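Per-entry structural report
For reference, the chains in residue letters:
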Amino acid sequence: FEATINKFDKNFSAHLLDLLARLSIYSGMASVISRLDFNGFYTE
Amino acid sequence: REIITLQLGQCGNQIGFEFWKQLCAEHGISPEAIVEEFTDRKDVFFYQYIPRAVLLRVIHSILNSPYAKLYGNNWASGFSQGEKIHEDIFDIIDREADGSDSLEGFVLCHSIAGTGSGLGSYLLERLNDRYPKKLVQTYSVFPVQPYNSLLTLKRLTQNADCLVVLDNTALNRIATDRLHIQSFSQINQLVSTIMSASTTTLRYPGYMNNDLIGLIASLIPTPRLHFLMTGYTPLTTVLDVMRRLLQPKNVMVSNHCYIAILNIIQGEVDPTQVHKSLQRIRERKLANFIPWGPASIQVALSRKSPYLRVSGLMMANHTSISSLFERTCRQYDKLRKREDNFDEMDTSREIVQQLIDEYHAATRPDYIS
Amino acid sequence: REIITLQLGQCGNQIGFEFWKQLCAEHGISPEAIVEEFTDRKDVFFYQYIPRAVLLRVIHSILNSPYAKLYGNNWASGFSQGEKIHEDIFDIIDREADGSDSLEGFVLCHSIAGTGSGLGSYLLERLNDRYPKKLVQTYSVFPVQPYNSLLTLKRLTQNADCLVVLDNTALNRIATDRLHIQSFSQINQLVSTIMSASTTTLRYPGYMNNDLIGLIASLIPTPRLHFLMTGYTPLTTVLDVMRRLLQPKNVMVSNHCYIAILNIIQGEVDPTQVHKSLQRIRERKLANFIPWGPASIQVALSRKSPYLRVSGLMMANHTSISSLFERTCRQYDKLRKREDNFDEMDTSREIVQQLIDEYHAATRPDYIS
Amino acid sequence: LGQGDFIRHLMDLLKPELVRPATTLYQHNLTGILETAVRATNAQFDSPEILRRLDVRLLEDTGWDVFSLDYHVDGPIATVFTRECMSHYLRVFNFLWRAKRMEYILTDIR
Ligand SMILES: Nc1nc2c(ncn2[C@@H]2O[C@H](COP(=O)(O)OP(=O)(O)O)[C@@H](O)[C@H]2O)c(=O)[nH]1
Ligand SMILES: Nc1nc2c(ncn2[C@@H]2O[C@H](COP(=O)(O)OP(=O)(O)O)[C@@H](O)[C@H]2O)c(=O)[nH]1
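Bear in mind the residue numbers are our own, running from 1 along each chain as written, so they may not match the entry, and residues with no coordinates are left out. Lettering for chains starts from A, numbering for ligands starts from 1, and both go in the order in which the items are written. A larger assembly contains the chains shown, yet all values here describe just the shown part. Side-chain metrics rest on all non-hydrogen atoms present in the structure, leaving aside hydrogens and water. Residues with missing side-chain atoms are left out of burial classes, side-chain pairs and their counts.

**Section: the packing of helix α6 (residues 145–156) of chain C against helix α14 (residues 344–362) of chain C**
All names here are of chain C.
- Where helices are involved, their axes are fitted lines through C-alpha atoms of the stretch in contact, as for all axes, and angles between N-to-C directions lie from 0 to 180°. A run of H or I in DSSP counts as a helix once it spans at least four residues, and a run of E counts as a strand once it spans at least two, with each numbered from the N terminus. It is at 9 Å that the axes of α6 and α14 come closest, and there the two elements cross at 70°. Our classification of the angle between α6 and α14 gives roughly perpendicular. α14 is crossed by α6, and the crossing has left-handed handedness. Two secondary-structure elements touch here, α6 through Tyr-147, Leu-150, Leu-151, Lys-154 and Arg-155 and α14 through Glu-344, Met-345, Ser-348, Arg-349 and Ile-351.
- The residue classification treats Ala, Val, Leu, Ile, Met, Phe, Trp, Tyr, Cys and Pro as nonpolar and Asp, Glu, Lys and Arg as charged. All others, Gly included, are polar. Its residues placed into classes, the contact of α6 with α14 shows 5 nonpolar, 1 polar and 4 charged. In these notes the angle categories are as follows: under 35 degrees is roughly parallel, over 145 is roughly antiparallel, 65 to 115 is roughly perpendicular, and the rest is oblique. The crossing is said to be left-handed when, going from far helix to near helix, the turn is anticlockwise and less than a right angle, and right-handed when the turn is clockwise. Should any heavy atoms of two residues lie within 4.5 Å, those residues are considered in contact.

**Details of the side chain of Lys-100 of chain D**
- Of note, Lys-100 of chain D is situated in helix α6 (residues 86–104).
- Here the side chain of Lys-100 of chain D touches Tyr-207 of chain C through a polar contact of 2.8 Å, landing on its backbone oxygen.
- What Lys-100 of chain D contacts, discounting residues up to four positions off in sequence, is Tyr-207 of chain C together with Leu-1 and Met-11 of chain D. Two N or O atoms form a polar contact when they lie within 3.5 Å of each other; inside protein one atom must be a possible hydrogen donor and the other a possible acceptor, and for residues adjacent in sequence the pair counts only when both atoms belong to side chains.

**A closer look at the site of ligand 1**
Residues and elements named next belong to chain B.
- Residues are counted as near a molecule or strand when any one of their heavy atoms sits within 4 Å of it. Of all residues adjacent to ligand 1, which total 13 residues, the nearest are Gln-14, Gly-114, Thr-115, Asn-168 and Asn-188.
- The contact in question runs from an oxygen atom of ligand 1 to an N or O atom on the backbone of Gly-116, over 3.2 Å.
- Contacts to ligand 1 include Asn-188, whose side-chain N or O atom sits 2.3 Å from an oxygen atom.
- In isolation ligand 1 has 580 Å² of accessible area, and contact with the protein removes 79% of it.
- Mapped by element, the contributors of at least two residues to the shell around ligand 1 are α1 (9–26), α5 (115–130) and α8 (184–198).
- With 4 residues, α1 is the single largest residue contributor to the shell around ligand 1.
- Classifying every residue of the shell around ligand 1 gives 3 nonpolar, 10 polar and no charged. What sets the accessible areas is the Shrake-Rupley method with a 1.4 Å probe; for residues, cover comes only from the shown protein chains.

**A closer look at the site of ligand 2**
All names here are of chain C.
- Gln-10, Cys-11, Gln-14, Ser-111, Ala-113, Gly-114, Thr-115, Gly-116, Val-141, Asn-168, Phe-184 and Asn-188 make up every residue found near ligand 2.
- The separation between an oxygen atom of ligand 2 and a polar main-chain atom of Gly-114 is 3.0 Å.
- Residue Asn-168 places a side-chain N or O atom 2.6 Å away from a nitrogen atom belonging to ligand 2.
- Relative to its unbound accessible area of 590 Å², ligand 2 is 77% covered by the protein chains.
- Counting only elements with at least two residues in the shell around ligand 2, the list comes to α1 (9–26), α5 (115–130) and α8 (184–198).

**Focus on the sheet that holds strand β6 (residues 135–138) of chain C**
Residues and elements named next belong to chain C.
- The pairing criterion is simple: DSSP has to find at least two bridges between the two strands. With parallel pairing, 5 strands are arranged side by side in an open sheet as β4-β1-β5-β6-β8. Only two strands of the sheet have a single partner each, and these edge strands are β4 (53–55) and β8 (162–163).
- Two strands pair when backbone bridges link them, and β6 and β8 are joined in this way by 2 bridges, in the parallel orientation. Across the sheet, the residue bridging to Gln-137 is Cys-162, located in β8.
- Strands β1 (2–7), β4 and β5 (103–109) of the sheet are contacted by α1, whose axis makes an angle of about 135° with β1.

**Re unusual backbone geometry**
- Positive phi is not limited to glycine here, since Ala-33 of chain B has a value of about 60°.
- In this fold, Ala-33 of chain B is placed in the loop between β3 (29–30) and β4 (34–35).
- Of note in the backbone geometry, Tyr-71 of chain D takes a positive phi value of approximately 55° without being a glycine.
- By the element assignment, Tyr-71 of chain D lies in the loop between β2 (67–69) and α5 (78–81).

**Considerations on the domain arrangement of chain B**
Residue and element names in this part refer to chain B.
- Note that the domain bounds were set by an automatic or database domain assignment. Domain assignment breaks chain B into domain 1 (1–228), domain 2 (229–318) and domain 3 (319–366).
- Here the C-alpha centre of domain 3 lies 30 Å away from the C-alpha centre of domain 2.
- Each side of the interface is counted separately: domain 2 has 12 residues, and domain 3 has 9 residues.
- Note on domain 2 versus domain 3: buried area summed over both sides is about 920 Å², and carbon and sulfur give 52% of it.
- The salt bridge criterion pairs a side-chain nitrogen of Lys or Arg with a carboxyl oxygen of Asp or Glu, the two atoms within 4 Å. One can count 0 salt bridges joining domain 2 with domain 3. Note: buried area is the sum, over both parts, of the accessible area (probe 1.4 Å) each one loses when the two are combined.

**Things to note about the nonpolar core**
- Residues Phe-106, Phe-227 and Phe-325 of chain B are the most contacted members of the largest nonpolar core, which totals 67 residues.
- Here the element with the most residues in this core is helix α14 (residues 343–362) of chain B; it accounts for 7 residues.
- Every residue in contact with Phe-227 of chain B, bar those within four places of it in the chain, is listed here: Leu-153, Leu-156, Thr-157, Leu-163, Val-165, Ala-316, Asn-317, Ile-321, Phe-325 and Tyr-359 of chain B.
- Nonpolar cores are built from buried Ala, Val, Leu, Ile, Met, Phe, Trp, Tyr and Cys residues. Side-chain atoms within 4.5 Å join them into one set. Exposure categories follow from relative accessible area, calculated using a 1.4 Å probe and restricted to protein chains: below 20% of the type maximum is buried, above 50% is exposed, and the middle band is partly exposed. The next biggest cluster of nonpolar side chains, apart from the first, holds 53 residues, and it includes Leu-225, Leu-245, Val-253 and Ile-290 of chain C.

**Some words on the pairing of strand β12 (residues 313–318) of chain C**
Residue and element names in this part refer to chain C.
- Within β12, 6 of the 6 residues are buried, which leaves it mostly tucked inside the rest of the structure.
- Alternating positions in β12 separate into two faces, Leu-313, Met-315 and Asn-317 on one and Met-314, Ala-316 and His-318 on the other, with burial throughout.
- Bridge count between strand β10 (residues 258–265) and β12: 5 bridges; the pairing is antiparallel. Looking at β12, one finds that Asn-263 is bridged to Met-314.

**As for the interface of chain D and chain C**
- Listed by partner, the interface residues are 13 residues for chain D and 14 residues for chain C.
- When the buried area of chain D at its contact with chain C is split by residue, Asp-5, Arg-8 and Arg-110 of chain D rank highest and sum to 40% of it.
- Inspection of the region where chain D meets chain C yields 3 salt bridges.
- Note that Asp-211 of chain C and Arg-8 of chain D form a salt bridge whose closest N and O atoms lie 2.4 Å from each other.
- Counting across the chain D and chain C interface gives 8 residue pairs in polar contact.
- Of all the secondary structure elements, the ones that give two or more residues to the side of chain D that touches chain C are α1 (5–13) and α6 of chain D.
- Within the side of chain D that touches chain C, the residues separate by chemical class into 3 nonpolar, 5 polar and 5 charged.

**Considering the sheet that holds strand β9 (residues 108–109) of chain B**
Residues and elements named next belong to chain B.
- Spatially, the 3 strands line up as an open sheet ordered β7-β2-β9, and their pairing is parallel. Each of the sheet's edge strands pairs with one partner strand only, and the pair in question is β7 (53–55) and β9.
- Note that strand β2 (residues 5–7) and β7 share 3 bridges and pair parallel. By the bridge assignment, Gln-7 is partnered in β7 with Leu-55.

**Remarks on helix α1 (residues 2–24) of chain A**
- Take the residue count of a helix, subtract one, and multiply by 1.5 Å to get its expected span. Across its 23 residues, α1 of chain A extends 34 Å between first and last C-alpha, which sits within 8% of the 33 Å expected from 1.5 Å per residue.
- Listed as buried for α1 of chain A are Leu-16, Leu-20, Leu-23 and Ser-24 of chain A.
- Looking at the buried residues of α1 of chain A, the elements they touch are α2 (31–36) of chain A together with α3 (27–40) of chain D.

**Some thoughts on the arrangement of the chains**
- Summarising the chain contacts, 4 pairs of chains touch, and the pair with the most contacts is chains C and D.
- Taking C-alpha atoms as the reference, chain A and chain C come no closer than 19 Å and do not contact one another.
- Nothing in chain B touches chain C, and the closest approach of their C-alpha atoms is 8 Å.

**Let's talk about the packing of aromatic side chains**
- When the centres of two rings from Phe, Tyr and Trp lie within 6.5 Å, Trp using its six-membered ring, the rings pair. Their planes under 30 degrees apart give stacked, over 60 give edge-to-face, and anything left gives tilted. The tally for this structure, following the rule as stated, stands at 31 aromatic pairs over all chains.
- The interplanar angle of 15° and the centroid separation of 6.3 Å between the aromatic rings of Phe-325 of chain C and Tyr-359 of chain C together place this pair among those described as stacked.
- Judged by its relative accessible area of 0%, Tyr-359 of chain C falls in the buried class.
- A network of ring pairs unites the aromatic residues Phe-19, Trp-20, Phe-45 and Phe-46 of chain B as a single cluster.

**Remarks on the packing of α5 of chain C against α6 of chain C**
Residues and elements named next belong to chain C.
- Remark: α5 packs on α6, axes separated minimally by 9 Å, with the N-to-C direction vectors making an angle of 15°. Relative to α6, α5 is oriented roughly parallel. α5 and α6 meet at a crossing whose hand is left-handed. Residues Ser-117, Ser-121 and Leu-124 of α5 form the contact with α6, whose own contacting residues are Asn-148, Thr-152, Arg-155 and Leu-156.

**Points about the pairing of strand β12 (residues 229–232) of chain B**
Residues and elements named next belong to chain B.
- What you see with β12 is no split at all: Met-229 and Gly-231 on one side and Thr-230 and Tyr-232 on the other are buried throughout.
- Of the pairings in the sheet, the one linking β12 to strand β15 (residues 313–318) comprises 4 bridges and is antiparallel in character. For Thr-230, the partnering residue across the bridge sits in β15 and is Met-315.

The structure is reproduced here in structure tokens:
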């Protein structure tokens with residue numbers, strides 16, 4: 001169990017970063033990023 | 001999902017009696033419990049119309065008021081007598097529970113400053129025994145007084161799944177600054193404005209927030225940091241309202257950062273410049289949040305009652321609420337060096353210290369572990 | 001960027017209050033600090049409208065004015081009392097600085113002739129302690145008066161980043177010559193016009209000079225030679241205004257050569273003939289310039305306030321300003337031979353001697369080294 | 001650059017970005033900065049239509065060599081500019097951008 005919660009973290013956080021990578025590469029579809037992160041988090 | 005409310009002590013009765021009066025008028029309901037002809041969901045607080053309230057010598061003042069057809073000073077005295085009528089007041093709550101379709105919560109209005117302190121400490125303990133799946137929100141009001149105050153905080157930090165602080169001191173300033181009163185009959189008018197506008201999203205259904213557990217789980221991230229403060233500006237675009245809520249002059253509170261913000265806009269403002277203001281608030285940096293976890297600000301709109309202009313309320317989870325505790329914690333030790341076990345006070349003393357440490361640890365970039 | 005202004009002593013409050021009246025009337029701002037209906041960038045000097053002033057008996061007459069809704073005599077006595085309220089007045093500045101978007105500088109309006117002069121010298125040093133990256137421009141005004149004048153000069157030569165001199169002897173002569181007054185409220189009319197005209201290119205944006213350092217970076221060649229003088233002609237072609245500014249009758253100052261000149265033409269003049277006039281003024285050789293480094297003359301246009309014709313202001317850096325310090329210097333020595341250590345007067349007397357020594361050596365072909 | 005007030009704030013915000021090499025530069029990030037400048041300066045009080053066309057383009061080193069505004073125009077008004085005025089303005093905008101950073105450098109040294 002305790003080894004599964006941390007397993008979801010590395011799996012979900014990696015999937016989220018794939019989203020903001022594709023949501024940013026465009027010409028709103030850009031203001032969505034400002035809704036996902038607000039504290040400058042996920043700045044990687 | 002219905003919410004059965006409770007009112008304890010002279011404070012809880014007076015705020016609740018004026019909370020219902022604000023609600024009875026906001027709907028087309030005459031004080032005679034009869035609907036007036038003159039869309040708004042009214043089945044949460046009212047039972048087909050009768051309010052779901054369980055009150056507990058101010059009661060006679062209500063029975064003589066035109067709303068009659070709508071229904072010592074020691075903390076030990078409150079907890080003792082509450083045990084003597086364990087079966088009496090639980091007969092009422094139980095018969096009011098099963099008669100409802102599906103119970104959702106217990107909004108409890110009490111002040112921690114005589115019998116409301118000791119009795120409320122007894123209830124919040126006994127509810128978690130029988131009802132283990134029912135949220136218990138409390139609209140507690142902040143003012144031997146240091147003793148009775150902190151003792152309730154022992155129960156309010158492990159039983160109540162939420163808590164909304166409303167201190168009389170900061171209210172008295174707003175009573176003096178922008179109302180120029182110098183009275184309880186006036187500051188409660190502001191309290192009734194905060195309590196009513198708090199559940200405006202439950203009674204007026206919108207896109208989201210159609211249940212109490214929707215307003216709770218968004219702000220409170222962990223079971224311990226469950227204390228919220230309010231902000232109410234109208235005493236004009238969405239940017240005008242959002243900028244005023246973040247000023248320290250409006251908060252009902254006498255490093256530090258936010259955890260979660262929810263904005264309630266009860267105006268008829270167009271929902272197209274909403275994202276523009278949130279975009280602007282990020283740029284000028286009018287508020288800071290926790291560095292460890294992703295914290296965002298949420299804004300919600302609603303519709304004003306036509307039977308009764310832009311307003312605004314903000315539900316805040318601010319770390320600076322830890323200051324109010326220290327004032328209680330400080331005066332306790334002074335009374336501890338001035339005068340059958342006297343262990344409950346010391347055991348309560350320890351757990352409040354665990355809470356304050358958790359707040360000041362919440363503003364650290366390594367709050368995890 | 002924003003610029004916070006300070007007003008010290010009786011003079012600073014008066015010329016600052018007259019500066020804000022003129023600046024409010026120049027804009028569309030009612031005396032009640034409310035915008036009237038009736039392009040001009042006003043965010044630098046006004047806060048959303050509230051002036052960014054820090055005022056320090058005269059305050060009462062300001063508060064009894066229709067503009068109430070718009071917000072001993074020794075140098076040592078003026079220095080000490082500022083030390084005892086060191087923390088007090090900075091809280092006003094610290095909140096205004098951090099409440100500001102991006103601070104740029106500190107305008108100081110004060111007279112060096114005595115509690116205000118002493119307080120000024122104290123504050124000028126502390127601003128160097130706290131804020132290292134903020135310009136400090138001082139609109140000082142010249143007149144035991146010799147003592148106080150040279151002491152503040154010791155601070156104005158190494159603390160204040162720029163300085164604009166305005167001596168009463170030159171202003172009083174103008175009032176009797178071209179105004180025929182025979183009062184303080186009368187000569188301040190002229191001081192207000194020069195101050196309001198000094199920051200004209202900041203409030204009406206153009207292609208150049210959109211920041212306070214943009215005007216100063218051209219005139220002041222080295223951090224030591226940071227003294228300026230003014231000239232205001234109309235008390236019409238652009239060639240007429242330039243020729244009238246270079247006459248000695250208009251300058252507000254009682255061999256030598258110019259270091260840099262800046263001209264502010266505020267009229268509706270034809271902006272195509274401005275480059276012509278600078279071709280011909282060079283030919284007549286109306287001004288003599290430094291031989292060591294290259295120097296030129298600068299002309300900048302703007303637009304007059306429509307809510308209220310050609311005017312003109314000239315900011316110059318002439319080494320003839322060394323004479324004014326000489327008068328205060330010589331006046332000091334005569335009192336020093338006539339009457340806990342009295343060593344600060346010795347250091348101040350010495351450091352101003354180096355400033356004067358810089359000027360007289362600034363006019364030689366070998367000012368380099 | 002005839003505004004001056006807007007280009008001042010725009011050169012203070014692009015400073016932390018353009019110092020990096022061009023390889024790490026992506027257009028989708030700068031637009032949020034440009035939009036911030038138009039909101040803070042006096043350019044906010046302006047016709048919404050003309051503000052819809054003002055954007056950024058990335059010329060193809062350092063961030064101070066590939067940044068430039070475009071102000072694309074299509075439709076009937078495009079018969080006055082004809083793809084040659086837009087190939088001349090950008091030929092001018094470089095000389096006004098260089099002579100503007102060579103000045104804000106020299107007021108930083110001062
Ligand atoms: N905000 C507010 N607080 C009140 C009001 N009335 C009483 N209180 C608070 O309630 C406390 C007194 O509680 P008390 O009536 O003695 O409790 P009891 O012993 O159960 O009757 C005081 O410290 C007040 O702060 C009111 O109208 N408004
Ligand atoms: N230029 C100008 N100077 C002034 C004005 N009012 C006062 N002063 C100067 O201020 C000096 C008097 O300072 P004072 O007000 O007695 O200092 P305080 O008593 O410490 O505030 C005089 O020497 C004047 O030259 C004014 O309206 N304009």
